[PDB]
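Read the single chain below, which is given as structure tokens and is the form solved without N1-cyclic inosine 5'-diphosphoribose (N1C).
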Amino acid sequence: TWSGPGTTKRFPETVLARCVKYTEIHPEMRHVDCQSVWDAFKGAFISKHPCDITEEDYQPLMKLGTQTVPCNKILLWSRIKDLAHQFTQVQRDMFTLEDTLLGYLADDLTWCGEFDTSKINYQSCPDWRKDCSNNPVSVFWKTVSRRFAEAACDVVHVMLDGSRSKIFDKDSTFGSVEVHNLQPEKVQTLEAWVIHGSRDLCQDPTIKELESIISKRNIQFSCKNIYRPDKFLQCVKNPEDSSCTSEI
């Protein structure tokens, strides 16, 4: 028994269904065999101790889920997933990780196996902090996040949550994996959009930290304030509404 929640109920059927649905919503990925995807996903963690998972265990899945996204249309995020996804629902040429096949399959799910049987553990799974870091879920997200960040080019945008105690958190997935795998030259600029929950939050100490990290990788940094995120989304969808324009 572990400290974290058990595998999501009907995990096999959920992955299969998500794969089929993805290939329906995204016709460009209809060449994938969803049964093969599931077999590869399961192969990464079944009959294995869930504190000894490696990026290599997920390689077969990564190969099968290969997806070349337009490298200049990537939206990263940290602690504000819902808004980033709402944005790509209205700005449909842009992609977050969870708009790719592999990210879509796993988003909000939990899974693990055990060393001595081919059973999925529905009772409990390792918590990153309390139990162990190299667990099936954490290793999956580390692997796919690294690869997605590696593939980005030109200007990369990131939404950050302006209401958090740390707007930029070096211990977040964004701060510990994604930001350190943006490639210089390939990526010219990282532009942060700080989402308000009316000061200029681009002067926040943690934003100055992010700027330093990025500049040390020889990438330019830009920061913007999104003062009204829901209104922002409305105006992305329909910019011709008069509430999209400042009063004279």
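Only residues modelled in both forms are compared. In this text, rigid core is short for the largest set of C-alphas that superpose within 1.5 Å between two forms. Sequential numbering from 1, following the sequence displayed.
The entry models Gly197 and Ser198 with a gap of 4 to 9 deposited residues left without coordinates.
Across the two stretches, 226 to 234 and 8 to 16, the PDB entry reports the greater mean Cα temperature factor for 226 to 234. Note on 168 to 176 vs 106 to 114: mean CA B-factor is higher in 168 to 176. The PDB entry assigns its highest CA temperature factor, among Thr54, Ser212, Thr189, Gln183, to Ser212.
In the PDB entry, a CA B factor belonging to the middle third of its chain's modelled residues is recorded for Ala152.
In this PDB entry, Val37 carries a Cα temperature factor that places it within the lowest third of its chain's modelled residues.
In the deposited entry, the Cα temperature factor of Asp82 places it in the highest third of its chain's modelled residues.
Compared with the other modelled residues of the chain, the Cα B-factor recorded for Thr96 ranks in the lowest third. Ranked by Cα temperature factor within the chain, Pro70 sits in the highest third according to the deposited record.
Note that the form deposited with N1-cyclic inosine 5'-diphosphoribose (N1C) bound isn't included here; everything after this is about it.
By the 4.5 Å heavy atom rule, the three marked residues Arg79, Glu98 and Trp141 all count as contacting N1-cyclic inosine 5'-diphosphoribose (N1C) in the deposited bound form. When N1-cyclic inosine 5'-diphosphoribose (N1C) is considered in the deposited bound form, only one residue from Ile120, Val137, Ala151, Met94 comes within 4.5 Å through any heavy atom, namely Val137. Although the partner is absent from this view, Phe174 contacts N1-cyclic inosine 5'-diphosphoribose (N1C) in the deposited bound form, with a non-hydrogen atom inside 4.5 angstroms. Taking the partner from the other structure, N1-cyclic inosine 5'-diphosphoribose (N1C) in the deposited bound form has no heavy atom within 4.5 Å of any heavy atom of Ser124. Residues from 211 to 228 do not approach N1-cyclic inosine 5'-diphosphoribose (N1C) in the deposited bound form: none has a non-hydrogen atom within 4.5 Å of it.
Core-based superposition between this form and the one not shown shows that the consecutive residues, three or more at a time, whose C-alphas shift by 2 angstroms or more lie in one run only, 241 to 244.
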